[PDB]
2 protein chains.
Amino acid sequence: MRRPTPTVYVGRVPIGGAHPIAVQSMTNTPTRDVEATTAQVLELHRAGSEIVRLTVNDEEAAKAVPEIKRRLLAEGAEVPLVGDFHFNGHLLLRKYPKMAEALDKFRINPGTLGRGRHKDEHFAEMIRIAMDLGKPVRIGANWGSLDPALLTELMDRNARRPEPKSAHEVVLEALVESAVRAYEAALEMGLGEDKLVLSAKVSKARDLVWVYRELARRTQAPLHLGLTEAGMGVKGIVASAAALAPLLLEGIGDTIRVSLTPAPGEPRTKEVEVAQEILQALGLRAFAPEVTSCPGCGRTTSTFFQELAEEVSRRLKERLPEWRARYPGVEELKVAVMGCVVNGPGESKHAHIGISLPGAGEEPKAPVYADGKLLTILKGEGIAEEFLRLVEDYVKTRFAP
Amino acid sequence: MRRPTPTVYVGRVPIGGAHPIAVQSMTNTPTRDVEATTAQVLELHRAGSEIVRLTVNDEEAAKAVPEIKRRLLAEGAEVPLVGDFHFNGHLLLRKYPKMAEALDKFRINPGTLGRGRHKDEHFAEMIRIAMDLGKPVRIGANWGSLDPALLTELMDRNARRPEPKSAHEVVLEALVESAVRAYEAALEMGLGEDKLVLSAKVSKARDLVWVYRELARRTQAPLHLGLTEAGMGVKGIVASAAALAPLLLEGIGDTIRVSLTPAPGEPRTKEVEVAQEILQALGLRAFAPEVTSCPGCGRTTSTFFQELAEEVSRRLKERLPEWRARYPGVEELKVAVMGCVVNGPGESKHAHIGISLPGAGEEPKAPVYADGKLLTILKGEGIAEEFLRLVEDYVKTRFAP
Ligand SMILES: C/C(=C\COP(=O)(O)OP(=O)(O)O)CO
Ligand SMILES: C/C(=C\COP(=O)(O)OP(=O)(O)O)CO
Ligand code: SF4
Ligand code: SF4
């Protein structure tokens, strides 16, 4: 189902229909703070952020970028950097060529280029710089910063229709048009199709789906997909997954970013985890072993089952660094931990390896299945440690080099 | 887009294409423990569980059900109860008619009815009881308990094809067929279309989408949609949202349950919250005011912004019980809290009411927008309390009776 697109290299990372969907994120430290920003780029990259964006908002930020890059490279960290430009990107790129060169990609927002005639000139200057330096660009529209002149143009087109659409629908048309027009203008200037990524983000899931279907149809470019301003906590996580899944399953989207608001003191790597979970849930990429477990019900003892499931999950997380190094393919491992005989054996047979605890009315023994067939039956104390040993033995055999 | 279906009443709650998608859940206490189970049904219902399921696994459980029901009614709690039957449902329903009568719905699993010839007789007996008592039934297939005789029949049909499908695909065909055959058999027995709900659950998102598309096509019934055995934590939440969204946006699904494994000590109401968030994220139902907020970046001061967003979210949660009582429609309230001028004003204008903090390079003032236009501009200490007062004033005006 994957939409074909040209490949756009962002540093060493290829983006497009022929490549895995790349996970990205954005820093939240002040870019002028070289120490804090370098540390957080490294943190995000180590969590799985294949590309990292940072705001390049003012001259102090611009002056910091080459140093951040130098420090990354000194540790052998090859993480591509995307500069986020608004209002003054043309001035910062012009004035600070070492910043322009140190970035791996420029983001432009067609709605933050300035007013009237100035918008076209500013756009052209940034595209010129990118062309001169061989850099890729994302043309990223966002409905929080929609070009007002385009909105009026589309509102007038709407008003001439025999059956005008709602104001909200016209906003979405304008957002798509903003990105498409800017894409076509960049191509016309001579920027290559191997240098252009597009996005057009809204904060409501159902709207996002509409928008990206239009962008996918109307353009050839790789698409950067995300639900902007998703918010805090569970709501942010749910909204992000809900918005992305329909599109991802239809084959639309080449890189994703999850726009979560961190709780105070929550690490900025949560968004990377959520991004990875979305792709893995959909069978698009595999990052780490996963545990399938039942909710538990009145058929099982709640504490014991919940404790075991949690213990298995924690052990897999502990073993992963080593495993990733020794056992190619282990990222695909599926482990089941189940509460009773109703679905326990069947679900366990669908995992690589799984355990079915005894629930109410059952003899106190726990079958273990691997590769769809009975492996052993556990009893007594120490079920969890025995099971984890069996998972280790399984991994070493199944994912051996 | 909503798929039309007959209405099935579960107690007082209507399920079907003409009705809101109902949120449901399942208890995890031992059903024999009347006190614990009654308490948890009440807890789940107060969190938003419009229907509550409990396992009816053995005779002690069956004997408890009428008492649970009596205690609910004594508090004026009209929450419909679904009994979850496996292996011995026909015996429990037969032997305990007061249990049969106290339930509002029976769940049958076509894969947990017994072996061979026994399966048909057991199925018929449960359907007979439901018919006698006027109860609705869910015929709920699950791939953890797939009828093995049907699987073999479909594996043989597959093997005759010019291009056989994979074993995994045949499992999914068998699961659909299990539910469809049982549905058709119940209808043929005389159970009404106003008494039959269907489900056919798997634990992988992309598979769920395939299954439910087939069930929706092949049947007329309302559908109970959920991703079974979704697991723990963020993974469970993401997988559930990812699996449900594509279907919900295509108009498929009449009731949902989110199958999360609670962490030890985590309340069983988390699944209800997640269910509600899925429906609200998709614009299908509204349960509570929501906060749209940016991720924050290097343009904003991280702590202050994150703290404000969290404070606003917490206050809305605190005010909701009162608000729900005074201000019809308040569940639809959208509040924005934004980090800087880039997207702050624009996003805030899309909310009912929103605040745009000042970010880097800006004067220290925070515009507030309501109904898409500037309401005021805040400065100094106490921005959060001033803003919350403005949100209160807004609510009282906008959602007045
Ligand atoms: C930093 C920012 C918005 C918040 O990030 P998002 O990643 O949500 O959206 P976008 O940047 O438009 O791709 C600027 O539009
Ligand atoms: C209790 C149980 C499974 C876990 O609940 P689920 O709600 O995940 O699945 P189902 O019951 O099949 O609707 C029995 O199949
Ligand atoms: S496997 Fe058993 S304990 Fe777990 S939710 Fe299913 S029926 Fe309940
Ligand atoms: S509104 Fe401003 S502070 Fe918030 S993420 Fe967007 S650009 Fe950064």
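We count ligands from 1, going down the list as the structure has it; atoms in each ligand are counted the same way. Proteins come first, then strands; the chains are lettered A, B, ... in the order of their sequence lines, and each starts at number 1.
- Taking 4.5 Å as the limit, some side-chain heavy atom of A:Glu310 sits within range of a side-chain heavy atom of B:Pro264.
- Side chain of B:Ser259 to main chain of A:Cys294: no donor-acceptor pair is present (N/O by atom type, distance under 3.5 Å, no hydrogens or angles).
- Considering backbone and side-chain atoms together, B:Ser145 places no N or O closer than 3.5 Å to any N or O of ligand 2.
- For B:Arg53, every heavy-atom contact with ligand 2 shorter than 4.0 Å involves the side chain, none the backbone.
- Neither the backbone nor the side chain of A:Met338 has a heavy atom within less than 4.0 Å of ligand 2.
- A donor-acceptor pair under 3.5 Å is formed between the side chain of A:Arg107 and the backbone N or O of A:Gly140.
- For ligand 2, the polar-atom distance check against B:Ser199 finds no nitrogen or oxygen pair separated by under 3.5 Å.
- Numbered from 1 in the order shown, with element, the atoms of ligand 2 that lie under 4.0 Å from a heavy atom of B:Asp84 read 1 (C), 14 (C).
- Numbered from 1 in the order shown, with element, the atoms of ligand 2 that lie under 4.0 Å from a heavy atom of B:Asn142 read 9 (O), 10 (P), 12 (O), 15 (O).
- Note on ligand 2: A:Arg299 sits outside its first shell, no heavy atom being nearer than 4.0 Å.
- In this structure, atom 2 (Fe) of ligand 3 lies nearest to the protein heavy atom A:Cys340 SG, 2.3 Å.
- A distance-only check finds no donor-acceptor pair linking the side chain of A:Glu290 to the backbone of A:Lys334 [under 3.5 Å].
- At a 3.5 angstrom cut-off on N or O pairs, B:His224 does not count as close to ligand 2.
- Atoms of ligand 2 lying under 4.0 Å from at least one heavy atom of B:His86, given by number and element, are 14 (C), 15 (O).
- Residue B:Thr228 has at least one heavy-atom neighbour below 4.0 Å for each of these atoms of ligand 2: 6 (P), 8 (O), 9 (O).
- Short contacts between ligand 2 and A:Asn343, defined as distances under 4.0 Å to a heavy atom of the residue, involve ligand atoms 2 (C), 3 (C), 14 (C), 15 (O).
- In summary, the atoms of ligand 4 found under 4.0 Å from a heavy atom of B:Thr300, numbered by their order in the structure, are 3 (S).
- Near B:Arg257, with a cut-off below 4.0 Å to any heavy atom, the atoms of ligand 2 are 5 (O), 6 (P), 7 (O).
- Under the side-chain contact (heavy atoms from CB on, under 4.5 Å) test applied with B:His224, the options B:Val8, B:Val197, B:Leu198 reduce to a single match, B:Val197.
- Looking at B:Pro110 and B:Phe123, their side chains never come closer than 4.5 Å, going by heavy atoms from C-beta outward.
- Counting only heavy atoms of the protein, atom 8 (Fe) of ligand 3 lies nearest to A:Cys297 SG, 2.3 Å.
- Of the candidates B:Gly339, B:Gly296, B:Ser293, B:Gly344, it is B:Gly296 that places a heavy atom closest to atom 5 (S) of ligand 4.
- The single protein non-hydrogen atom nearest to atom 4 (Fe) of ligand 4 is B:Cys294 SG, 2.3 Å, given as residue, atom name and distance.
- Close approach to B:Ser259 involves these atoms of ligand 2, each under 4.0 Å from a residue heavy atom: 6 (P), 7 (O), 8 (O).
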